[PDB]
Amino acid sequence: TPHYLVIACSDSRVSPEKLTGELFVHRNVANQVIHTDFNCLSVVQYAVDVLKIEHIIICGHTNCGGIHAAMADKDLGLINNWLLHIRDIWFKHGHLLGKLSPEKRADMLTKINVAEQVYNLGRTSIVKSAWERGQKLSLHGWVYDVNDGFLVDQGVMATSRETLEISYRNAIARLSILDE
């Protein structure tokens, strides 16, 4: 029975099964781990403390309607509140996203979003505690592209608090090198 928790986007048309009964699956809009979302956290706590799942994959995707909607900033109603976390992420990386041509930002934000969600998952009390008590647990952030059908392990792979901080830092720095 299952060995991977995958956290993926609700509007991704590639299923996690296809892009990988190994799988325990959470999906939400823009593949978020929000610090205080009982729904995702519950899932994570069950996967780690009960099922002893040893890999968590957060998978984003290009051409993601949740990302595009966080960026366009329309009055969508309740979902805007959900998407504000992604807006906080755009402004965390505002200088970086402003250098790019505007048809290119969404795909940058999509990758940055994945790194930030991994960083959040790694910071939950649940994952911190598992790493502190010796439990073998790895986090991964991937981004999938259906323009291709293909994948990028998005620079973020973490196996301890140490490797989370480092791999988070370097993913962002690797994303800050710009294709002319």
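Residue positions are given as counts along the sequence shown, with the first one as 1.
- Per the record, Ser10 and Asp11 are directly connected, as no deposited residue between them is missing from the model.
- Taking the PDB entry as given, 162-170 carries the higher mean Cα B factor of the two stretches 21-29 and 162-170.
- When 50-58 is weighed against 33-41, 50-58 comes out higher, by mean CA B-factor as recorded in the entry.
- Listed residues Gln154, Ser125, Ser138, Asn113 were ranked by CA B-factor as deposited; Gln154 comes out on top.
- Ranking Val143, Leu121, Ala69, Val146 by the C-alpha B-factor listed in the PDB entry places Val146 at the top.
- When the modelled residues of the chain are ordered by C-alpha B-factor, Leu109 sits in the middle third.
- The entry lists a Cα temperature factor for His93 that places it in the middle third of the chain's modelled residues.
- In this PDB entry, the Cα temperature factor of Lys99 sits in the top third of its chain's modelled residues, the highest group.
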